[PDB]
Amino acid sequence: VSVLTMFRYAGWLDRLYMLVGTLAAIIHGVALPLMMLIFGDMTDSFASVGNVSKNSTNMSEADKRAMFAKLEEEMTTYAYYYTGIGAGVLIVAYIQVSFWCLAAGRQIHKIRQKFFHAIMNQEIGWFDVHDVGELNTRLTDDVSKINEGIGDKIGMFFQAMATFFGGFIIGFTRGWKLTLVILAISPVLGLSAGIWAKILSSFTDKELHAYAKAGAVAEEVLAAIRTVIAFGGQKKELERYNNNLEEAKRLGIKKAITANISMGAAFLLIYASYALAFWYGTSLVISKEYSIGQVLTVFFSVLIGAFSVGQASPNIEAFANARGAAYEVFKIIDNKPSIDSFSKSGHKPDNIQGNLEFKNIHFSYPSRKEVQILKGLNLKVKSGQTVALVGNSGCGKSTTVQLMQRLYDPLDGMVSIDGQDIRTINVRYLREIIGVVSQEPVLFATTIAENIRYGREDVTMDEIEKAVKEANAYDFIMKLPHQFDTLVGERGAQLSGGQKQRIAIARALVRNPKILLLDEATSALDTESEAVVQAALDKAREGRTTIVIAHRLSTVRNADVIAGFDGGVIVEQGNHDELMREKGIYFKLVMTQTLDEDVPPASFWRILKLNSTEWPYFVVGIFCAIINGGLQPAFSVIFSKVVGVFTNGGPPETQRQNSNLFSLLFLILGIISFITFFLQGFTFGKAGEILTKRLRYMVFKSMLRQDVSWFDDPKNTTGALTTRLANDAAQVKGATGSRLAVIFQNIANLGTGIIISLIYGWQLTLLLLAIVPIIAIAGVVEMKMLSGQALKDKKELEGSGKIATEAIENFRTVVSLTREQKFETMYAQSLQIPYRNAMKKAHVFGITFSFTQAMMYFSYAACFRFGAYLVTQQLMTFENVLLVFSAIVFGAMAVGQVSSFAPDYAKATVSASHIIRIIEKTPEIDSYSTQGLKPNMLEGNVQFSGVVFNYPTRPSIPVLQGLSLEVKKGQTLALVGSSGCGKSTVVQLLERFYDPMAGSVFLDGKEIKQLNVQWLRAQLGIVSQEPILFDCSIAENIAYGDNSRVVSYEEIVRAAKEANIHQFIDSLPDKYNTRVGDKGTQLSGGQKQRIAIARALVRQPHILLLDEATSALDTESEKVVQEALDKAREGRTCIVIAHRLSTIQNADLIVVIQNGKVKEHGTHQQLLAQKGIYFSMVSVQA
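Counted the way the authors' numbering counts, the sequence shown spans residues 33 to 626, 684 to 1271.
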């Protein structure tokens, strides 16, 4: 029902070809086991031939007769085999792909045209509800899924089952025993894969839990970067960040350890079962003689038949996820629930006029529970007149204008256009008789001529001319270049808003409506253009019956009748003078109103260079990958020898050889493969593991040892920094992971395959590699064209989608309604191009897959053809033919693994490129010397002379210009300024966060410019507005080690004693040992600040700095901190920039700073004697 038929709906001839393609899909899937049925038949005769060939040791020429005859007979069969299947698989392939396009093409185009139509046909509803953009976003993403759902995936789906159901048919008929054995190994292989999901999901969350700590430390620190710098607590965060990484790495290796155990064991159970299938498969031959090895190989193919089921599930998942998502929204997608608007029939008034009538209308907006904005209404406006409505709290008048256009059916009552109800008449016609001017105009992106043409489809520029000329819009447009053909670029913001609205009036003027609706058209506009547009409105009035709502009473003066609402409740009606006479609601208002990243530059091999530099030793891991590499072909070699000697060899000795090779297939793989895979995994695993440490180490420290506009004023963000730490280290981990993987398969194929390739007849080698690279490139060139079409497809619908998205985001198109079909008209022409392109890719995708399978039969052809014929012609052998199959599985593991790790090499390379350029850094200030920290430098007399400053934004109009100050030791230097900066900046420059553009600053008289960065920050009293508390023990919070300073219990006691935070310290559990409770969630600012104060006097700075410390606070908290602050200072130099001028009254030197320029400076009463900026500051303080 709703699930399937509509998903597939219509398509009369489409449905017919849909089955033809389906039909063609079956015989395609059927062909593959039939192709493998052939493999047994050729095996059978060749085996019978081999049995007599080893059986000779007497006659020779006899072996030259019959054995070659059968082979020649087989050569006769060979030709009809690849061809019979090849011509078959070629044709039906091109057919099954036409399903992917031709069926999908007409369906989607049918879906698109109705969907795009039904949306505009829902009318009011989208404004009533949902997302109106996020909605039309996902929905168009959903229709994209349909192409994946109704495409050849289904054709592929039937193909798989044909190999599945059709595959097992042949198996069971030719025996029921091997099936069961194969049926027995299915859950076991599913069991091992079950270990995987448990391991992956569990180990991911652990690592996530581990790096979360590393992430959390990086989280607050990078936010607290300004805090840590001043106090120089970097090296502690340094050590911790290494500690969390140490744990995150150990969970990493165990994941790798266990993973390799699973992946290793997973393949064991495959090869063991694979061996077990043969051992019981062989036993039915030697002592039994039922199978000649036909089905034995064929039952293996049933596993290949079983893998198609594994290939089937995604296609089902592709269909189902397409089905479910589409049909549920399909109910919304299609039809026209409508039934308040529609498009059609109804009554056409020819009366060419109508007195507007509103009668007892009770209405509510579709917000449901929201109260009725309008409860009852009575308004009747005579023809030719102009009625004015007004209000206060908002809307309720706007409702009356909205209902008149029948945009909302009233709950009770009726609105009568002319004498008749509005609900009888055709809506399309109604909209045309109603012009509407909204307060905020909108212009579609087109010429001004076209935006008017959107008002009425059939029109000529003469009417366009007369329209604007009467609307006085004909001035700015002429001066404007391109004239009427002038486009409106980048949506609607180009020109003056007043001109925009004026055009909208001209648009409504072409409409020549018999009703005119003005909603606050004059509102939200400059005073000058208002009078201009008003005149246009005035010239748009007097000729047409109208109703106007705005908040400008100047325009209401000339109205014939005014009606009060104030919330939508009707009260007064009549002429202006009559209203003012009442001195009512009207009169009352009148007098009252009188995050992305990744710059382009790449690595270019510097990766492995820096990697090996950071990778101290690992030659055992890769060498282990090599011995495992050459291990793979041995399997392909052993099995080749098994059936090889089984095919060519006599009845004697058959048991031992098969027995000997069977065990060999086990121990060479099962014993060794598990070892080497786990052996390498422990190596390259820990390799990537420790790389994750050193990198993130050498990054975060390279990040912390540099600030300088990467931190102070970056265009970046906290998330952007953390993101860098995550992806980069994770990617390069895969980069190295891709290295060993390739080298592993490299020797596995190139190295060993060649050795095997070398023992061929040298033509067989060439002929084989005349296939594999060609089919590889053929598979590659397909991938390019595939994405090439996919991208080109996305671009075409993009332009169509944008102009589509343009329409739905603009809901005002429905008030004119002229463009309803007109918009869908352009979309049709817009959608017409991908349609032909869909037809175009039908042929393109059709030929690609066809050619892909065309190389398949050609491969098996040349394999057995040349394996027969000339080789059959002279010295036909059991070898070199199965070695071809060996070279194939090497060609299969090459493309599969290499192309898989190809994009892994990509994102890593890019991510590595970022992390490399970042780690180069620009260390700037770390240690050096620059000064000797003289014993006479304690003092604290701070000099400022001719200091100018700007934070690193060049044309930012620097806040400091021509600034000079001075402060004596042991006294408070007060500071006060307007807002923002120059307050804060002064304190910042003393931290030497940024060296000023010009001038100099001195502390003992020594040059800060030439002073050591560290020691300058060794004595500082910095206290911010809202102090950031690191999550840790408050005791460890109270004491932040400046350099060597150990946590001192007796000291932090004095800290608490002075900071008056000892109150909380006295009581409460754990006392000093109390954690902040998840980012200090249990404490308020006053408490936090006391601790910050305690942090300051621990260091015992000779210089204290208070940046708006008491700015956020209240009541006793303000006084108790001030008590601490006052007691914190007066022993040493301090600078307070605080905005509290009531508590500044005790200060030694108060300084008035005007935007970089100190205006007045001196003691309070002295400045108080003066007048200027400062006295005003106190005057405004009240």
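Even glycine gets a Cβ: it sits at the ideal position worked out from N, Cα and C.
Item                                                                                                                   : Value
Closest residue to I1014 among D1084, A723 and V433 (Cα-Cα distance)                                                   : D1084
Unbroken stretches of the alpha helix (DSSP H), 4 residues or longer, contained in the region 739–822                  : 743–755 and 761–793
Endpoints, alpha helix (DSSP H) assigned at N274                                                                       : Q266 to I318
Three or more C-beta pairs below 8 Å linking the region 743–750 and the region 267–277                                 : no
Neighbourhood of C1223 by C-beta distance below 6 Å, restricted to the same chain and skipping five residues each side : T1061 and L1193
Beta-carbon spacing of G530, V565 below 7 Å                                                                            : yes
Identity of the residue in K546, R584 and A536 nearest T559 by Cα                                                      : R584
Exposure of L443, with buried meaning 16 or more beta-carbon neighbours within 10 Å                                    : exposed
Beta carbon of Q1114 nearer than 7 Å to that of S1200                                                                  : yes
When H1191, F374 and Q343 are compared against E155, the one with the closest alpha-carbon                             : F374
C-beta contact flag for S692 and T329 at 7 Å                                                                           : no
Alpha carbon of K185 to alpha carbon of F196, nearest angstrom                                                         : 16 Å
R355 classed as buried or exposed, judged by whether at least 16 other C-beta atoms fall within 10 angstroms           : buried
Whole-angstrom C-beta distance between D174 and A358, which should lie under 8 Å                                       : 6 Å
C-alpha distance - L308 paired with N749, whole-angstrom precision                                                     : 14 Å
Pick from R97, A111 and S470 that is closest to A582, judged by C-alpha positions                                      : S470
C-alpha gap between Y618 and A477, whole angstroms                                                                     : 41 Å
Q1032, DSSP secondary structure in three states                                                                        : strand
For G1220, the nearest candidate out of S752, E1147, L64 and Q962 (CA to CA)                                           : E1147
Own chain, CB closer than 8 Å to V361, minus 5 neighbours either side, in chain order                                  : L171 and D174
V1075 versus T807 - alpha carbon distance                                                                              : 26 Å
Where the beta strand (DSSP E) through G1251 begins and ends                                                           : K1246 to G1251
Exposed unless 16 or more other CB atoms sit within 10 angstroms - verdict on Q128                                     : buried
According to DSSP, residues forming a beta bridge with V593                                                            : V419
C-beta contact flag for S975 and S752 at 7 Å                                                                           : no
Given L51 as reference, the closest of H379, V81, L134 and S80 once Cα atoms are compared                              : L134
Coil, strand or helix - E1197 by DSSP                                                                                  : coil
DSSP bridge partner residues for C1223 (one or two, in chain order)                                                    : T1061 and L1193
N- and C-terminal bounds of the beta strand (DSSP E) containing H394                                                   : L388 to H394
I324 versus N737, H241 and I922, residue with shortest Cα-Cα distance                                                  : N737
Selection from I217, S798 and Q1103 that minimises the alpha carbon distance to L1022                                  : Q1103
Given 8 Å, three or more beta-carbon pairs between the region 714–721 and the region 765–774                           : yes
Inter-residue CB distance, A830 and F990 (contact presumed, cutoff 8 Å)                                                : 6 Å
Secondary structure of residue 662, DSSP reduced to three states                                                       : Position 626 is followed directly by 684 in the chain, which means residue 662 is not present among the coordinates.
Option in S905, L880, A879 and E913 with minimal Cα separation from residue 665                                        : Coordinates for residue 665 are lacking, as the chain steps from 626 to 684 with nothing built in between.
Of the listed residues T492, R573 and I836, nearest to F712 (C-alpha basis)                                            : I836
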